[PDB]
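Heads up: the structure comes next, in structure tokens.
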RNA sequence: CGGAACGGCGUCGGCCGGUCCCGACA
RNA sequence: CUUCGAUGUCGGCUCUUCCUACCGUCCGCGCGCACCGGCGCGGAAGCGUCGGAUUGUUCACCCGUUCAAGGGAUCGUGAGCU
RNA sequence: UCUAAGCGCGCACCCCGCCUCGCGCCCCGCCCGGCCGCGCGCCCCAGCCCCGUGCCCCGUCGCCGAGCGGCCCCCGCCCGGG
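Next up, the structure:
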């Protein structure tokens, strides 16, 4: 209850529902259960999401009161908040997650061999510096 | 929605530090640490004002902001002024006589209703027991904590419990008369 | 003993309210009795 | 229905199961509280019951009709051939419960104690502590092991053997008991005290003082298969009863369908 | 749930050669339920049964969801005690969405199903007109509250087969 | 799979653990006194002492066996969710080791905590959470202090080892660069993202 | 054997397809590691799977068919029906084509 | 928590009435 | 509704468990409780509830005493008995 | 205002102790030999002090040693008294 408030303009990573893994901005609060969220630069169409789906991000974007989809889109561009979040550790992992999601059984086969070699190399290095 | 805020003001002399939900109040009379970890409260020390705020207040979470502030105020009063509970023994036919012992940390009560049994009570740590130099038949107990001085008062109050008879007619015991709260 | 002490003892002994069910020592201005779940019946007695 | 007239159960269920003691001799089981502040003292000692006697006594019991008056009481003499310490056992207090942390045996173990190890000494090969005697003898090994006890042990015990040659019985083989060492300021002092007693005699006079009260443990006198009337104390039924009167009459209700463990049954008494 | 407006009339007769058209705003799950409710209401309020009447239209109404607007529903619930009355206040983007929120609270708080509740009226209330504290609290321009359910993020512990090396922080 | 039992609800972890057992996984649980049972302590103790009443009247040795130790309390809870009577069930109650406190046997074992059953996430603040260790002492367990005395020393020992581990790992980082560079460049960020 | 180096993806034979009344031994319920939703199962559908006969020492091969539930579990069928002593025993999903 | 008349200053949600900056002897 | 190619039937004696809808003992609390003694509650089933005269009695009743609650177990208890 | 957090006292009840048994296990002796497996921060959730990871390969090439930890292996009667 100290940091990361659900103030208007909070950028929210969505964690469930039709959009999972897409950032969106809180245009308006409905109740203590839900929020209206729009993500023009990420493809989440202004929708009512539940605050259980939303995960708050440290970055908050200034927006016009009752912004409108077009005005929200213009303000998002001027703000560096999307960018700050992307280069942050959470953002780096969300970017990495997109590629991990883009997989096929054959692609998994290559990663498994690599994750055995990294494991063996780690054992070698730990021994070498023992 | 609601933050159920209650606000208390830190006195100038006494220093209060809040880390986690633990509260340490340090002052001339002494230092007390009362952990308030039992409940859900957001506390800001601020410039000079302690605030206890419970966000999303439910039916019984409505009570917590006021009590935590009131408990913090009692700590503040204790380390600036100090608390005192004056309890007087009342004795009818047989005179009660209580002797202070253990360097003013203990009371030995005898001749309660002319009983062979004697009662030894130990003051809780950081609160001491003393007798009255002028009024007499009176125990003045003083310590920084308001709960720990009252708790010793109660320990001595129930140790003198008439077995049965009629308590409305038989009125002999140690009864707290004044919570003076002035000095130690 | 002294009348102030007699009155002090009375405050701790016969100044009370008792619910007709809980038979509890409820506070003097008690709207309901805690132990008896809130029956409003109440009374007290003195010698 | 109900018993109609109230009568208590006959017998202590605590003393069930009433079986012949499989443990050879009465075991100490629990030992006295350590205290942690007294002259180091051993807490127990084995004895052989010798007999009973009459003792005239003068009673100083204030508040009793016997005050300032003589009395005669049953005494019970327990023969006490002096015991000799043969080993020291240390026990760590572990979460599971007191568990041993190794024992250091005497460099020289007496023949009575060795006789306990074998069923027939003459026909046995006497192969006990054979390589142990070589490992010790110098005694450097004994001190090293005792040092391991000082750090890893919290309860110290002394193993001791009775010599049955100086007792009228024909036991010949010794009886071994772990007598606890209690009262010392610290475990390092306790094992040091033990080393002084090692391979040397202990006498009852040292262990117990006149005027103290002691708890006596032993296997009771055996009566064999006994009847319910003798074993559990029930009534001998009316003498007009067919099939016998030395039997509990009804051993249960219809339900529970099984005989309960409470009900008195005939078995071994003693 | 879907906001339908229905238009219906008594079947033409020799007494009524032009019967009276009646309109209703029935928020219903589907057109089939909406036209059933319309007939139930007409039977009590205008004495027209479906067997003696014809619905002329049941048009779906689509409402935009650009911004959250407070909405007020006056209804007549029925509990085992008997019929009562109740006013509700829900902040939602569209009337049908607000009515869905209205039916779910009456299900949880008052244990009444869709067919138990009758909607006397729905309307849009202003920030000034709010009569209930919950809508009033968020109606104000500035509303910042810590995340209400941070713990709900364990929806990931379901899939992580629950073997995290460290126990997650909120 | 060694799961520190600390903070988990007895039932919630027991369901997760029974499934991994009946699926041929060998699982061990440590620090099981620190597991939680939702419910005011008064009620929990009552439900555990009501349990200890149900014993066979004819002979209490064939009766429902109630085990005071907190590790065995969990083992009985998992056993309820395991068809112990079948060989699929007996062989699976064999592959479970329950330990009160992390023991010398499981000291060096890697430990994983199941978040779904962890109490802070699972139950609302204000549900008077109890621990089995407190409940176990009342129902009869006689070793609560002994577990506490031993895990104080184990935890102190772990802290000394932790300073060494930090120096050993700082040393591993300066040995990061190797063919591991190639392996990471191939997989960690490229395409696979893992 | 035939399987010398194919990396494989781990899997477990959780049990046969069944109800509380009846059991279809033909279908074997496998849980594919890392597959947590019915959606993820499409990548692993139609792959070749095999279990190693513990007593015999010779692998029993099989294939993966339609998914059992919303939890990434999969129904599979094998060249010979499974013994039932092989429950919990690991099954290997071959990364390579054969 | 099979269960009844009957209670609850338990916690929510209503439905109708009076006072409320003219501040609920100053 | 079950039992008749049969489940021996009342009360005692004997023995064992269980229940609380508690008589005394234990803990509080209220009295139209000064003391003594009574009375009413709430928690409480560890312990005690006995010896006898008439009666097959269960009961009933009376005499005594450390003054004495009520009940369940195929109306507990016949290859246990009478 | 005894309670909603927090706090003290507290029942012949309860649970443990002492006690009766005790499967098994421990230590030591005689021996002291084989078998297996490779894996450790801690706390905290109304600071959560930077979170949202990781492992994801028990043969799929890992099987050295060392280190910890397991596991197995031991241990007579007849006869005579009591």
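Residue numbers (this note's numbering), protein chains in the order written: chain Z, 47 to 176; chain S, 7 to 190; chain F, 661 to 707; chain G, 680 to 949; chain C, 141 to 310; chain P, 1015 to 1208; chain X, -9 to 88.
No residue lacks a Cβ here, since even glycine has one placed at the ideal position from N, Cα and C.
Interface residues of chain X facing residue i [CB-CB closer than 9 angstroms]
i	result
residue 1038/P	2, 3, 77, 78, 79 and 80
Proximal chain Z residues relative to residue i, where beta-carbon distance stays under 7 angstroms
i	result
residue 1179/P	Ordered by position in chain Z, no residue passes the 7 angstroms Cβ test against residue 1179/P, which lies about 11 angstroms from the chain.
residue 281/C	111
Sequence-distant residues of the same chain with beta carbon closer than 6 angstroms to residue i, five excluded per side
i	result
residue 72/X	18
residue 825/G	783 and 870
residue 226/C	215 and 217
residue 938/G	930 and 931
residue 161/S	127
residue 63/Z	99
Close-in-space but distant-in-sequence residues of the same chain around residue i (CB under 7 angstroms, 5 per side omitted)
i	result
residue 115/Z	84, 86 and 92
residue 956/G	No statement about residue 956/G is possible, as the shown extent of chain G runs from 680 to 949 and does not include it.
residue 276/C	270
residue 267/C	279
Residue of the options minimising C-alpha distance to residue i
i	options	result
residue 789/G	852/G, 885/G and 820/G	852/G
residue 1206/P	125/Z, 159/Z and 170/Z	159/Z
residue 219/C	297/C, 249/C, 183/C and 158/C	249/C
residue 710/G	896/G, 803/G and 822/G	896/G
residue 49/S	162/S, 28/S, 142/S and 159/S	28/S
residue 235/C	211/C, 186/C and 183/C	211/C
residue 1/X	88/X, 83/X and 87/X	83/X
For residue i, three-class secondary structure by DSSP
i	result
residue 249/C	helix
residue 829/G	helix
residue 681/G	coil
residue 1061/P	helix
residue 1155/P	coil
residue 178/C	helix
residue 87/S	coil
residue 751/G	strand
Within chain C, the residues that residue i reaches when beta carbons sit closer than 7 angstroms
i	result
residue 62/S	288
residue 26/X	299
residue 1126/P	303, 304 and 305
residue 61/Z	293 and 295
Cutoff 8 angstroms; reference residue i; Cβ partners in own chain excluding five residues on either side
i	result
residue 26/S	43
residue 112/S	106, 126, 127, 128, 129 and 135
residue 818/G	786
residue 942/G	927, 930 and 931
Chain F residues whose Cβ lies nearer than 9 angstroms to that of residue i
i	result
residue 174/S	670, 673, 674, 705, 706 and 707
Within chain P, partners of residue i - CB distance below 9 angstroms
i	result
residue 899/G	The premise fails here: residue 899/G is roughly 24 angstroms from chain P at the closest Cβ pair, so nothing lies under 9 angstroms.
Per-residue contacts from residue i into chain G (C-beta, under 8 angstroms)
i	result
residue 1101/P	Within 8 angstroms Cβ-Cβ: nothing; residue 1101/P doesn't reach chain G, min ~30 angstroms.
Chain C contact residues for residue i, given Cβ-Cβ distances below 8 angstroms
i	result
residue 8/S	277
residue 1021/P	307
Proximal residues of chain C, C-beta to C-beta of residue i below 9 angstroms
i	result
residue 134/Z	In chain order: nothing, as chain C lies at least about 16 angstroms away.
residue 50/Z	286, 287 and 290
Proximal chain S residues relative to residue i, where beta-carbon distance stays under 7 angstroms
i	result
residue 285/C	7 and 61
Residue i: contacting residues in chain Z (beta-carbon distance under 8 angstroms)
i	result
residue 33/X	149, 150, 151 and 154
Partner residues on chain P for residue i, Cβ-Cβ distance less than 8 angstroms
i	result
residue 773/G	1160 and 1164
Chain Z residues whose Cβ lies nearer than 9 angstroms to that of residue i
i	result
residue 48/S	47 and 48
Unbroken stretches of the beta strand (DSSP E), 3 residues or longer, contained in the segment 73 to 105 of chain Z: 80 to 85 and 90 to 96
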